[PDB]
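Now for the letters of each chain:
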Amino acid sequence: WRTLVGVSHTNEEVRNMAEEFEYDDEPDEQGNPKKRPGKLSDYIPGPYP
Amino acid sequence: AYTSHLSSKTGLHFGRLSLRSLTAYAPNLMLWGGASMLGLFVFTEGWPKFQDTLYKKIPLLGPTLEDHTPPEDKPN
């Protein structure tokens, strides 16, 4: 996501684009899986698992 | 009227290096020291720490190195 900033989009625009997807996070204090919205350091996700 | 001796003395030295040879070479060594600093400035021009301390203050050349990218085009 960070490679689109300053090339075809604005920083504030790419952040909104990434936040519409979900990524695996660190497990909580009990060890269960968690999810979080995307960041600029993430990669563009694909349609199939 | 007449001369029967030769008055002389020994000059200060240590090995192959004498005091008279050092005074002859002193002005030239300062130019080499000056020319060595200039060569260092050529090879450290891309170093940002040296840019913010020395090169950015040079008139007509300093402002050239400045980056003016607005924050909205920087990911980091």
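For this deposition, the record names cryo-EM as the technique by which the model was determined and cites 2.4 Å as its resolution.

Looking at the PDB entry, one finds chain B named Cytochrome b-c1 complex subunit 10, mitochondrial and attributed to Saccharomyces cerevisiae. UniProt annotates chain B under Subcellular location with the comment "Mitochondrion inner membrane". Listed in UniProt under the heading Sequence similarities, the comment for chain B reads: "Belongs to the UQCR11/QCR10 family."

In the nomenclature of the PDB entry, chain A corresponds to Cytochrome c1, heme protein, mitochondrial from the organism Saccharomyces cerevisiae.

Engineer: I'm lost on the side chain of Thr44(B) in this one. Help?
Structural biologist: Residues and elements named next belong to chain B. Along the chain, the position of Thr44 falls in the loop between α1 (19–43) and α2 (48–53). Reaching out from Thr44, the side chain makes a polar contact with the side chain of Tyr55 at a distance of 2.6 Å. With near-sequence residues (within four places) excluded, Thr44 lies in contact with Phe50 and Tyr55.

Criteria and cut-off values
Residues are labelled from 1 along each chain in written sequence order, independent of how the entry numbers them, and those without coordinates are excluded. The lettering of chains begins at A and the numbering of ligands begins at 1, in the order of writing. Part of a larger assembly is shown here, and the values speak for that part only. Side-chain calculation: all heavy atoms of the structure are included, whereas hydrogens and water are not. UniProt positions are given in the numbering used here, feature names are shortened, and annotations may be inferred rather than shown by experiment. Numbering goes from the N terminus for both helices and strands, where a helix is a DSSP run of H or I of at least four residues and a strand is a run of E of at least two. Polar contact criterion, stated in full: a pair of N or O atoms within 3.5 Å, where within protein one must be able to donate a hydrogen and the other to accept it, and residues adjacent in sequence count only if both atoms are side-chain atoms. Pairs of residues are marked as contacts when any of their non-hydrogen atoms sit within 4.5 Å.

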